[PDB]
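See below for the structure under consideration.
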Amino acid sequence: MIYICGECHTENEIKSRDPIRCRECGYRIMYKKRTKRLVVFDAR
Amino acid sequence: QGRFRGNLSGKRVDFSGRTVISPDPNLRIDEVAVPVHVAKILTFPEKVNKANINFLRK
Amino acid sequence: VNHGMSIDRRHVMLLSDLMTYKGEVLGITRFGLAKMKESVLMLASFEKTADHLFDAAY
Amino acid sequence: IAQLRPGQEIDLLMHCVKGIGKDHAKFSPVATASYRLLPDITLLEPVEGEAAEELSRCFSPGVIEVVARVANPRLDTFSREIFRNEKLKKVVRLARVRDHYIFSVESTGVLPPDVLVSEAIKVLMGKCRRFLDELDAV
Amino acid sequence: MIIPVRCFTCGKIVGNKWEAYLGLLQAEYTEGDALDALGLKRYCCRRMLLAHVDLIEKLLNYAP
Amino acid sequence: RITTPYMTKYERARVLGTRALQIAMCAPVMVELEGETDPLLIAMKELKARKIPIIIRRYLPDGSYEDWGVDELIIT
Amino acid sequence: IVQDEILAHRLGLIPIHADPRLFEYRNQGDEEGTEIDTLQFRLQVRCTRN
Amino acid sequence: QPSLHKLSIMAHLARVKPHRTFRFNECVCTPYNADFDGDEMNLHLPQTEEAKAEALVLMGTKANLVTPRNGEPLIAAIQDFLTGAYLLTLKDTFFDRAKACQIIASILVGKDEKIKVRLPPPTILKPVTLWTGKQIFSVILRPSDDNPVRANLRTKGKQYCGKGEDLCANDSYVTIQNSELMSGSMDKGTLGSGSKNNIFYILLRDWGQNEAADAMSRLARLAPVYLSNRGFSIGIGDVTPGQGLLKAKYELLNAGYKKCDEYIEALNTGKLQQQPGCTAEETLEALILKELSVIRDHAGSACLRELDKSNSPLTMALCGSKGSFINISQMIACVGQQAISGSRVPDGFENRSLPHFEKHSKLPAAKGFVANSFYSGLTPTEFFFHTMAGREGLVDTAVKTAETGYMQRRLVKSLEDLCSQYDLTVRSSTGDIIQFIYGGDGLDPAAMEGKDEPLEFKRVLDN
Amino acid sequence: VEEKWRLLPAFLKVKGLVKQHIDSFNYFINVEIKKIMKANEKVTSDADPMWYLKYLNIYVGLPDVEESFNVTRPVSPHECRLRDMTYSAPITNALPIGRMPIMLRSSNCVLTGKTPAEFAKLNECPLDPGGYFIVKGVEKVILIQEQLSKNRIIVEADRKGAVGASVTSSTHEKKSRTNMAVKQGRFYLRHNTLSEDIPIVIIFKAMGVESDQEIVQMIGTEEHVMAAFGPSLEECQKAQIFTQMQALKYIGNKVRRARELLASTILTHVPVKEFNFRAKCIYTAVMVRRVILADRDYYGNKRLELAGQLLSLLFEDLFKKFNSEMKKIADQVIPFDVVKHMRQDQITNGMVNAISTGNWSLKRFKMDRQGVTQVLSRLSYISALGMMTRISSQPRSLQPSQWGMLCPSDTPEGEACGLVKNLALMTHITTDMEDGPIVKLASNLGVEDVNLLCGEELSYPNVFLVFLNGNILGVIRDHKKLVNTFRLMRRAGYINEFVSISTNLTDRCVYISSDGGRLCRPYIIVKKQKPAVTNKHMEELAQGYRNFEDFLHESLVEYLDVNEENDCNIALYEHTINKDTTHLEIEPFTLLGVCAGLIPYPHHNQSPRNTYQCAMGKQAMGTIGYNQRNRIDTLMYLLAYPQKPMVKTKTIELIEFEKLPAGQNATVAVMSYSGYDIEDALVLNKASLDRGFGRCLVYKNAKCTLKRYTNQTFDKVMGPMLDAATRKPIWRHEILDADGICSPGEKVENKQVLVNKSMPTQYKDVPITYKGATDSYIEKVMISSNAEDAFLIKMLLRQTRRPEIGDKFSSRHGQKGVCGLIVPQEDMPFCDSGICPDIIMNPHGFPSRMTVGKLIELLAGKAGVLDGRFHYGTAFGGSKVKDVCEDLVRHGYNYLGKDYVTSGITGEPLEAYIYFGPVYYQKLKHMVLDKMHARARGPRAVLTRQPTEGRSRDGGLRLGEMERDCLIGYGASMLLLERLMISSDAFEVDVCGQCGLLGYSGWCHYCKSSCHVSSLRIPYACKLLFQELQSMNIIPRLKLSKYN
RNA sequence: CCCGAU
Ligand SMILES: [Mg+2]
Ligand SMILES: [Zn+2]
Ligand SMILES: [Zn+2]
Ligand SMILES: [Zn+2]
């Protein structure tokens, strides 16, 4: 599990039941990394 | 809101849908164009009566 | 006819003849329905649902 | 295609297919493929004496000569400014030839426009030979 | 957002005429004859540059 | 014998109402039908051929009645 | 920051100089392509600071 | 969902199309009171086979073509079809066998594809041969050869010529003989909803209801195919006043203002005669309104004289498709006095309508008169008074439906349990007689002809 | 004379739009919290009188948030929008009291002063109005309420001339309504504490003026109708021998449910008395004076209570509840901060709960104003700015006193056709002030009261009596000197600019109003026929070498409220200046709001067609802010390629609407085509929609939070259940990503699971699934703690919809239209130069609606694109047609715009010319995918067993009782049994023959004999009627019969 | 309850 900070944008490997703070920040808005699967789109 | 004026007379109804309307002059005055997705949901129980046996099997 | 709005007289010949057929002119209010109808649920589906149901149980 | 800021990626494969333009307009081989009938403008009355240069600025610029002569009619956009003049509108009838038009093909660049037209005729002929072979079956 | 790469009515390729248009407006070129330099004859392909706003340089600021 | 000899629109509706529901329960059909699978479309073929096994019981509001065969009526 | 479909739609409107009538139509669904029907393109852009 | 009359629920046959909108023919939209501006409407589906026939027979559109208030037809052409068929049956149109077989062959789909459509012989033969417009409108009433419809109708029209029965050059006098339009042009009053002498009402009574619904579903297919290839279009050239209006409106605004300056001055400075209604400063305003409505209607007549034919809002007003001649005078010439609930606008400030005018000013353009038309654009005081008079329309529809919704409810909660019994008497639910025959004659108001008479014998004998 | 419009962009920088929300709150923070401490110092208790708690000051700091013991970190407002917190700052020896939320762009918010570069790191849009609190994550506005004035002698017409002054106690504890009635020709003083309509001369003798000569001298010395005060009451007073002052308190001393010297202070309050009642008598006498000489909706009477005035109604009450509970504690533990820190819950969860649930439930002021706050509508940009300038009422018709203050055309329709107004551009609501220098100049300029003989203030012309804020302050012989001298003084700047002196000559009362809450507006002063702006001033403002507030002190611009506008001669333009002009008008397009004003040429349309757009302008679908991608809101509509309009107005530039527009501008060609455009419908083409004309972006939002319970167990987000392989469920846990939360950048079908929120009862999983109808792609997934730190997780679902059949477009003139048909491009009437249209519009929308302003946008737009220019069509001005039309001629076009087309289908040219050009078509948020609905057979409601209400709950739409009568009138009997018993409530019940009552199943419990019990067939709702009738004592005893 | 649709 790798999450991206609010504005620091550092990948922070947290685990479960862990506060969502950040390395090099304290900001608690952590988005998730984009998926790894082949996503098919239609140009219509 | 009570049972008389809203649950005994004006009661909600199954097999009923609601969309936005748009014109179609290419229909006869007696016909409404119904979308496919609605027409696959609203169903009519047609009993099987020796004339719609092959039609309902199909 | 003052407001445009043409109408058959046979509709007004019915509304007047209902309104005055039990003796006196019975205006179509909540009160005139009690003097027009005998059945309770037709009165009870109209206004004053509380009193019309208890009084017809009395 | 898109704009980026540092740390951002775009990674994608594409698939191209052969599509009719009426399926979706991204398959359209031509920007505009319109046509217009060639106009011809006949001065019924001879015009001269400063009404000619009045009729010059009335039309499209290149169309006219100055007496008044309708020098080259093909360049006329139909502003229809004559009818604002109230004097020359009785003088000249404006008209367009029916069986003489002007095509104007401008390709997007897939095929050169002299091969777009010769393909356009080629599939109309194929659309009617597709039907003439239906009657040969029946 | 970003410049739509077609005209909506005719479909002239107009997405490649944005930074070439902004490069013209950086110079003296008036709003009118800048689009005559890019080969935009009819007005429907002319409004795709004229009436367009470029939010994508502004959204990028708020997208680290 | 005293009511209207015209089949009203409320009698044509219910005669087509119940002859449709009868023929949708495998009733015997009277019109040697030609591929109509909607039971309602069979019933209008029954009405126009004037073969419907139904007698309308018309109630005068005093309580007396007056029968009327659907053969014996003037449809529109 | 450009959305996925709007990117995928804006890749659609780009014309492609490979002429047709070398290729044929896509018969089935056939999302794999058969190199007689399709023509693949790659786009890999990752920007940094200079 | 705001069901206001019997025609808001109607049955329809259902054809599964490819979209998510409920699409119906636009002739049946005035019974629903349904425009297509984002309106939604519900679709119930009856389950038992008995409730399927009760929808089809009683509530079908082929049965309820006619509203039960008057007997008028509600399902008839709206908007474009009326202004399509007026522009087609107008005297000037002529089609060659190119366009004639193209407009006619539009009417060949969907129960109509199996008829040998008979083009009538053309009405010009020798110098060029070509059809006329009205001869193609006759193909709507009788497309085949073996069609049994012979429609007959003779009536007046809008912009009626006044003198002359059918022979005057204005040509607003319809005469159909045996479903062939012989003279006249199809107005709203000969095709639309509300008139008891349009053809779809005449085809209903005389020839069954299947031929009226077919001839109405023929016109809805035919008239756009003509109009989309004829190109009826509005523009701002259709709103600009010519030269003749401006010199007419300028004098009418001056000579209409000299007198109202004197009629005000004849009141306060001296002695003014009084109308019998009230005192001064009440009949002054009623004499102001007479001279201002002189202005907006003479300029409204100055507009209509110079307005060239084939003007688009004029053509939409001759046939009554959309907007009368009042709207053309408002758009072009001059929109008149803006009235609030039947008077000049009341002073919201002290003795003054807006603080731009003077105190106790009874002047025009200070108590609600707007001088500029919508083309030349309203001015800020004029735009405010038009807004003030405009909101009384919007406010009253909010409060009327708050009352007539209740008045619909009290009415139907007393009057619901009456039905004309089989011995022609109309009784209550309890057996008590209200009427001995329904309405004296026992006659449907729905089937009733105009004048509250079932026949109108002049029409039937000529038919 | 040429350029005076420049005063408006200088006014908007200072105090114009959404700055009246802010200044009102900035007054509330920086003044009103220090005027409640002066009212509520000295917390004393009786159980110990030797201690005292005395507040010195309250400071309200910067917004902060703690997540632990003492981190105390600050917050940006677009973090509270994500973490569902509440953007608030602490309230404060020097110890905290509570926390109060701060509206954005306030004096203590973070966003003020900072550059657009710093708005990025705070993740906030610079083109964002502010004036909205962020409470519990959502963003609420306090809507401007309008109340009637305070202590106003209103002369109504209940039966004949009743007058009631709704006095509001400056000591705000109560608000009483001491109205005065006339019964059979006699005056009375009805109150709500009085048990009897007592005659007024009873009051007058109770008020100290005992003799009857004085009372008439008060009411009328000139007798002509005030003699008919005589045999009314002072005879009726004298008819019972009751001439005595003490005895006439005694009749009051009975009915008031010696003891009434005090209780006459709770009657006509704000006239002050120190047991010298002479000031009270004249104010009652003037109230009688009106009646014998004898507008509720007129905007000199309507004062507006803003967001900062309305919070001071709350915080004073919440401070008192904090205050009185200190007395309840100090009287509990004495027979002190440490018993106060738990009352940080009192203010904070008191203030926040009043904004989120919009309820001032204040029993202390007896007011229960419901729905004061509203969630912001972030549909477009102007649907946010159209909420900031909004006024809710407590009549429907437009009054002309709203000229210049409110928008005439911006209103809803329906329930609120004239009850929800919108502020215009150049307005300003006033704040309160002190009344010191107003009185100090009043008593110098000449006034005298309480020494003047009763007779003076009467029909004599030179007795204009000065009234300030509703309290009489003397009488002046010469009204003109007073009105003129105050006005010169205000212009000079000695008196506050906002105060207004107005004079009513019908009743001689001048009216100095320093009320605060008055609707105000600026005008250019016209001394003699030359105005005061002088152009050169309009040039100073050009370089900035001067500011709009320098115009005020130079006596060039005057603020006028509605009351002063009775006394002025406002000239609209320069050329309408008269001999007695008084004030002039700055820029006359400012009478329109901000939702109208967007319209080009509103002065050419019929006026009920601008009003349709003011609703649809808020419904537009466009861009929201520059932070529109970082916002995770519940429903956010975005356009793919917005375009600024070709015909802009002038209000569009001041709002900077073109900086973030809404809607494209498509080349329409108004003509009738194919008959699929009949009732306002409009044909699009299937090439522009393939080229991206108005592609939608509808962004939903699903969320969950994982709370730790009191059981000390918590929620889990355990990953997918792989079955027989690493592959996840058949499609159910396919997008989960193995951390629980679904993966961003992936599509979600129907009934696919977003998170596995599992709950402790032992774990029952409550999977948060995405319902929808169509698929949606995850764009962002945010993970945070809320205030009570419980791991909230927020999704964000893309969806793009090309506009297909059904999708409502409007046309910037209120001519909205569902897109009836989408033809291919090659079937569409191309003109000569090749331009096929996008949106064929029907020409029948024009001659009935008379929207001529649309017909000029096809002209001003078409000349605009051809010249490379944006044509101003503002209100009451802009580019005229006689110069636009001669610009088409230079580019070789028709001078009306009607271009010769040839038809696409048949190939021959069209018989008539077709109007043609670009007009601004804005797509709006009524797309048919959100409204397509059908219910075959689904959930029934648990109580009444009918189908549920709503499409979110799988629907069923109410065949109402109005449609019951339609089904009655057709005579369809068997339909109604099918439609209201068979397919709604198909129930089956058992009753018995004898004693007929509902007995369950096979036998009836009453009379156990089981033999008579015979089943019925009934709707369930009727069975629930019988069973709830029988619950009370009404017993429907059914008596069955067999089918005959 | 608000909002919004008609
Ligand atoms: Mg509507
Ligand atoms: Zn960080
Ligand atoms: Zn183009
Ligand atoms: Zn029993």
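Residues in the structure tokens are named by chain (A, B, ... in the order shown) and by number from 1 within that chain; ligands are numbered from 1 in the order shown.
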- Message: How would you report the residues lying within 8 Å of ligand 1, as a list in words, if you count only C-alpha atoms (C1' of nucleotides) and all ligand atoms?
- Response: residues 34, 35, 36, 37, 38 and 39 of chain H; 6 of chain J
Given the selection you just returned, output its residues as a file containing C-alpha atoms (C1' of nucleotides), formatted as a PDB file, in the first residue's frame.
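Written file, result20.pdb:
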ATOM      1  CA  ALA H  34     -46.878  19.211 -23.146  1.00  0.00           C
ATOM      2  CA  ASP H  35     -44.120  21.154 -24.749  1.00  0.00           C
ATOM      3  CA  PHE H  36     -40.737  19.543 -25.250  1.00  0.00           C
ATOM      4  CA  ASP H  37     -38.755  21.964 -23.091  1.00  0.00           C
ATOM      5  CA  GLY H  38     -37.594  19.278 -20.684  1.00  0.00           C
ATOM      6  CA  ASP H  39     -41.043  18.105 -19.639  1.00  0.00           C
TER       7      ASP H  39
ATOM      8  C1'   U J   6     -42.368  20.947 -15.152  1.00  0.00           C
TER       9        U J   6
END
- Please write out the residues within 9 Å of ligand 2 as a ChimeraX atom specification, counting only C-alpha atoms (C1' of nucleotides) and all ligand atoms. /A:4-12,21-30
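For ligand 4, the neighbouring polymer residues at 12 Å or closer are residues 990, 991, 992, 993, 994, 995, 996, 997, 998, 999, 1000, 1002, 1003, 1004, 1005, 1006, 1007, 1008, 1009, 1010, 1011, 1012, 1013, 1014, 1037, 1038 and 1039 of chain I, only C-alpha atoms (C1' of nucleotides) and all ligand atoms being used.
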Convert the current residue selection to file output with N, CA, C and O atoms, as a short mmCIF file (atom, residue, chain, number, x, y, z; two decimals), in the first residue's frame.
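Below is the file that was written, selection01.cif:
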data_model
loop_
_atom_site.label_atom_id
_atom_site.label_comp_id
_atom_site.auth_asym_id
_atom_site.auth_seq_id
_atom_site.Cartn_x
_atom_site.Cartn_y
_atom_site.Cartn_z
N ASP I 990 -58.64 -12.31 5.58
CA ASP I 990 -59.68 -13.21 6.05
C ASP I 990 -60.55 -12.51 7.08
O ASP I 990 -60.04 -12.03 8.09
N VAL I 991 -61.85 -12.43 6.81
CA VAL I 991 -62.80 -11.91 7.77
C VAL I 991 -63.82 -13.00 8.03
O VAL I 991 -63.79 -14.04 7.38
N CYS I 992 -64.72 -12.78 8.98
CA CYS I 992 -65.74 -13.78 9.26
C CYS I 992 -67.10 -13.18 8.99
O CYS I 992 -67.24 -11.96 8.96
N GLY I 993 -68.08 -14.04 8.75
CA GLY I 993 -69.40 -13.59 8.35
C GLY I 993 -70.13 -12.89 9.47
O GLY I 993 -70.43 -11.70 9.37
N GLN I 994 -70.40 -13.61 10.55
CA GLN I 994 -70.91 -12.99 11.75
C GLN I 994 -69.80 -12.16 12.38
O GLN I 994 -68.63 -12.38 12.08
N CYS I 995 -70.19 -11.17 13.20
CA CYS I 995 -69.32 -10.26 13.96
C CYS I 995 -68.22 -9.61 13.14
O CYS I 995 -67.19 -9.24 13.71
N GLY I 996 -68.46 -9.39 11.85
CA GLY I 996 -67.45 -9.33 10.81
C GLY I 996 -66.21 -8.51 11.05
O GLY I 996 -66.25 -7.28 11.07
N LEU I 997 -65.09 -9.19 11.22
CA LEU I 997 -63.86 -8.54 11.63
C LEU I 997 -62.69 -9.34 11.11
O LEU I 997 -62.82 -10.52 10.77
N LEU I 998 -61.53 -8.69 11.07
CA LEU I 998 -60.34 -9.31 10.52
C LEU I 998 -59.83 -10.38 11.47
O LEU I 998 -59.51 -10.10 12.62
N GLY I 999 -59.85 -11.60 10.98
CA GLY I 999 -59.38 -12.70 11.75
C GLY I 999 -58.30 -13.30 10.91
O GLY I 999 -58.44 -13.43 9.71
N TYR I 1000 -57.16 -13.58 11.54
CA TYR I 1000 -55.98 -14.10 10.85
C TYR I 1000 -56.05 -15.54 10.36
O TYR I 1000 -56.42 -16.44 11.10
N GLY I 1002 -56.95 -19.03 8.90
CA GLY I 1002 -58.12 -19.87 8.93
C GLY I 1002 -59.28 -19.58 9.87
O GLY I 1002 -60.39 -20.05 9.61
N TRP I 1003 -59.07 -18.83 10.95
CA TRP I 1003 -60.18 -18.60 11.86
C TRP I 1003 -59.99 -17.31 12.63
O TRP I 1003 -58.88 -16.83 12.83
N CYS I 1004 -61.12 -16.77 13.08
CA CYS I 1004 -61.18 -15.46 13.73
C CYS I 1004 -61.16 -15.66 15.23
O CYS I 1004 -61.92 -16.47 15.76
N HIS I 1005 -60.32 -14.88 15.91
CA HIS I 1005 -60.08 -15.10 17.33
C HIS I 1005 -61.29 -14.74 18.17
O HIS I 1005 -61.69 -15.49 19.06
N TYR I 1006 -61.97 -13.65 17.81
CA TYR I 1006 -63.21 -13.32 18.49
C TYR I 1006 -64.16 -14.40 17.97
O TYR I 1006 -64.19 -14.64 16.76
N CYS I 1007 -64.91 -15.05 18.86
CA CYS I 1007 -65.82 -16.16 18.49
C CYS I 1007 -65.03 -17.25 17.75
O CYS I 1007 -65.19 -17.50 16.56
N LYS I 1008 -64.18 -17.93 18.53
CA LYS I 1008 -63.25 -18.94 18.05
C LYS I 1008 -63.81 -20.03 17.13
O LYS I 1008 -63.07 -20.94 16.75
N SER I 1009 -65.10 -19.97 16.77
CA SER I 1009 -65.82 -21.11 16.22
C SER I 1009 -65.39 -21.48 14.80
O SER I 1009 -65.88 -22.48 14.26
N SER I 1010 -64.57 -20.65 14.15
CA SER I 1010 -63.81 -20.98 12.95
C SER I 1010 -64.66 -21.26 11.71
O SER I 1010 -64.11 -21.61 10.66
N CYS I 1011 -65.98 -21.14 11.79
CA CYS I 1011 -66.81 -21.67 10.72
C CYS I 1011 -67.16 -20.60 9.70
O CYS I 1011 -67.21 -20.86 8.50
N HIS I 1012 -67.39 -19.37 10.17
CA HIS I 1012 -67.90 -18.34 9.27
C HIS I 1012 -66.80 -17.65 8.49
O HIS I 1012 -67.10 -16.85 7.60
N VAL I 1013 -65.54 -17.95 8.79
CA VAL I 1013 -64.42 -17.16 8.30
C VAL I 1013 -64.22 -17.36 6.81
O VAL I 1013 -63.96 -18.47 6.34
N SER I 1014 -64.35 -16.27 6.06
CA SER I 1014 -64.34 -16.31 4.61
C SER I 1014 -63.45 -15.19 4.10
O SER I 1014 -63.63 -14.03 4.47
N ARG I 1037 -67.24 -2.95 10.83
CA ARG I 1037 -67.71 -4.31 10.88
C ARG I 1037 -68.22 -4.67 9.50
O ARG I 1037 -69.37 -4.37 9.16
N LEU I 1038 -67.37 -5.31 8.71
CA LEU I 1038 -67.75 -5.71 7.37
C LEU I 1038 -68.80 -6.79 7.42
O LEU I 1038 -68.77 -7.68 8.26
N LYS I 1039 -69.76 -6.69 6.52
CA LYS I 1039 -70.78 -7.71 6.36
C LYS I 1039 -70.65 -8.17 4.92
O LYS I 1039 -71.02 -7.44 4.00
#
- Could you give me, as a PyMOL selection string, every polymer residue with an atom at most 8 Å away from an atom of ligand 3, counting only C-alpha atoms (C1' of nucleotides) and all ligand atoms? (chain D and resi 31-32) or (chain E and resi 6-12+42-46) or (chain I and resi 835)
- Query: Could you write out as a ChimeraX atom specification the residues of chain B within 10 Å of chain I, counting only C-alpha atoms?
  - Reply: /B:3-26,35,37-44
Saved selection, atoms kept: C-alpha atoms, as a PDB file, in the first residue's frame:
ATOM      1  CA  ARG B   3     -54.025   7.001   4.126  1.00  0.00           C
ATOM      2  CA  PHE B   4     -57.145   8.456   2.563  1.00  0.00           C
ATOM      3  CA  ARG B   5     -55.751  11.190   0.332  1.00  0.00           C
ATOM      4  CA  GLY B   6     -52.577   9.561  -0.880  1.00  0.00           C
ATOM      5  CA  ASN B   7     -52.552   5.877   0.015  1.00  0.00           C
ATOM      6  CA  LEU B   8     -56.096   4.716  -0.769  1.00  0.00           C
ATOM      7  CA  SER B   9     -56.866   6.925  -3.770  1.00  0.00           C
ATOM      8  CA  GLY B  10     -53.533   8.265  -4.968  1.00  0.00           C
ATOM      9  CA  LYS B  11     -51.398   5.163  -4.536  1.00  0.00           C
ATOM     10  CA  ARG B  12     -48.051   4.422  -6.168  1.00  0.00           C
ATOM     11  CA  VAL B  13     -48.091   1.998  -9.057  1.00  0.00           C
ATOM     12  CA  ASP B  14     -45.891  -0.821 -10.387  1.00  0.00           C
ATOM     13  CA  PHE B  15     -45.065  -1.282 -14.090  1.00  0.00           C
ATOM     14  CA  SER B  16     -44.663   2.418 -14.705  1.00  0.00           C
ATOM     15  CA  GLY B  17     -41.855   4.599 -15.946  1.00  0.00           C
ATOM     16  CA  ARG B  18     -40.901   8.187 -16.563  1.00  0.00           C
ATOM     17  CA  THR B  19     -38.499   9.831 -18.986  1.00  0.00           C
ATOM     18  CA  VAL B  20     -38.112  13.152 -20.786  1.00  0.00           C
ATOM     19  CA  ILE B  21     -40.148  13.545 -23.945  1.00  0.00           C
ATOM     20  CA  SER B  22     -38.889  14.562 -27.358  1.00  0.00           C
ATOM     21  CA  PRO B  23     -40.862  14.855 -30.599  1.00  0.00           C
ATOM     22  CA  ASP B  24     -41.335  12.286 -33.365  1.00  0.00           C
ATOM     23  CA  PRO B  25     -43.631  13.232 -36.257  1.00  0.00           C
ATOM     24  CA  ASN B  26     -42.891   9.990 -38.039  1.00  0.00           C
ATOM     25  CA  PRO B  35     -37.015   3.253 -25.318  1.00  0.00           C
ATOM     26  CA  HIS B  37     -34.103  -0.163 -21.923  1.00  0.00           C
ATOM     27  CA  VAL B  38     -37.528   0.697 -20.552  1.00  0.00           C
ATOM     28  CA  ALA B  39     -39.251  -1.848 -22.771  1.00  0.00           C
ATOM     29  CA  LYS B  40     -36.959  -4.574 -21.477  1.00  0.00           C
ATOM     30  CA  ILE B  41     -38.004  -3.735 -17.908  1.00  0.00           C
ATOM     31  CA  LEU B  42     -41.750  -3.095 -18.112  1.00  0.00           C
ATOM     32  CA  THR B  43     -43.321  -6.484 -18.696  1.00  0.00           C
ATOM     33  CA  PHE B  44     -46.772  -7.712 -19.662  1.00  0.00           C
TER      34      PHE B  44
END
- Contacts of region 3-9 of chain G at 9 Å (only C-alpha atoms (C1' of nucleotides); same-chain gap of 3+ positions) as number ranges by chain: A: 41-44; D: 1-2; G: 12-13; I: 640, 691-692, 695, 745, 777, 779, 798-800
